[PDB]
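One chain comes next, on its own, written as structure tokens: the form deposited without the named molecule.
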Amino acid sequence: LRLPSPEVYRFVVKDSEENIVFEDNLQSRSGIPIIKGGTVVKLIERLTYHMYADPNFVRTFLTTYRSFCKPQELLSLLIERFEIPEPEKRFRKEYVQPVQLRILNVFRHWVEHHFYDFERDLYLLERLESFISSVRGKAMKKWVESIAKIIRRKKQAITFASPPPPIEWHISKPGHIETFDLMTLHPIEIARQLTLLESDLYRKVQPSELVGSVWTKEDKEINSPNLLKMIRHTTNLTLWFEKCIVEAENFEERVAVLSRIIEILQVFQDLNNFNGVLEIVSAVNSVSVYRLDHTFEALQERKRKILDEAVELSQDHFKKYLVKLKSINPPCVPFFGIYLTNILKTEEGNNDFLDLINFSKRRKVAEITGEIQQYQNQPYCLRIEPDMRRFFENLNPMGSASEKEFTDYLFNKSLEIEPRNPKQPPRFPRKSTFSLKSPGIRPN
């Protein structure tokens, strides 16, 4: 069989160590070879290889390719692959038709599982639709129609499976958002509404938003929009908890605020919202709060124990947290920070290139990112409270200041309320008038 000249069809350059690398271990003896790396041209060739189907590679490629190739570039490479020149016959049935069918399979998987690429770039979709509508051959019609049906369905776009609990109210009453505060809302319902918010943010994050540490790179707002939303929420809530503690200048009120936050942590625990649990752990371990020895001393022993147990989840590289997560029954909200830390370690420990892309590096990262999805398909049986939801979505503890400026403010405020000297703290009056008494966390 006479393939075209590599001068005119880049993909058929002979395989060599200069363009494609395979795993060569005892697990790679039989079956489809395992790609370790290659030029993007050779990756595309193997993605659409005429000889055998390779669904594992198509899956891993479409999850990870944005770490080494832009979507517009991927579409161009697949079109280039499709437009097979005449040789420099059985060519058509054994080579061309399998390859074009392989390409249409890639297009189908792409729109089925990563249609967000097309939502983010309308011109990308314009290109795809124009190209597919030009593929009028008889052998291709079933695939063209399958792709078109998915694209139709994708553009086309709460039922409780059991009764949710009644919404809990404390001092703030419904409708009056102006009275909403950490201490005036009910601690049960604060936990519930933050869990619904965080679950929604978690469930929207795609694995491709983590591969290649793309959320830290210059195209982050395009590649990692849901992940960035989740990170910004976590930063805002953690800082809000710290602000609530450190701005409670009156000692009795501040002990009550910290105590209420521990109650919220307990409800987060009961909800398997480990993201919320470790947001509170982060806040109480921050430099501005952790140094408030007098406030922690005044806690009920049972509340200190609750807090100490939660803090111990994060110790020793989150050893106890990882154990806990594997044991629970969803719904749950996993602690998101740890995936970010583990991907950053893997990104920095492995080179992007072996111009040969290191694909085994992407396969390893795809293993980590794959773990996020098992917790994304169980919704909470909790009713949204729209005003509370708006309240927590609009948290902006930093105001107009930078985060560096705000955390400097928090530390100086901490030094004010509990000075770094051996004297007893000065005594400050309350500025608020609401009762400090908690309603507790057993539902009313």
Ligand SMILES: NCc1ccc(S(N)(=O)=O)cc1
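Numbering starts at 1 and follows the sequence shown.
One more form of this protein, deposited with the named molecule bound, exists but is not displayed; see below.
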Name the residue from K149, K217, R304, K320 that puts a heavy atom within 4.5 Å of the named molecule in the deposited complex. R304
The named molecule isn't shown here, but in the deposited complex which of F180, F131, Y290, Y116 has a heavy atom within 4.5 Å of it? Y290
According to a 4.5 angstroms non-hydrogen atom cut-off, is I103 in contact with the named molecule in the deposited complex? no
Mark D308 yes when one of its heavy atoms lies within 4.5 Å of a heavy atom of the named molecule in the deposited complex, and no otherwise. yes
Under a 4.5 Å heavy atom criterion, is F91 part of the interface with the named molecule in the deposited complex? no
Does the named molecule come within 4.5 Å of any heavy atom of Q97 in the deposited complex? no
Looking at 320-328, 356-364, 247-255, 281-289, which one sits within 4.5 Å of the named molecule in the deposited complex if you count heavy atoms only? 281-289
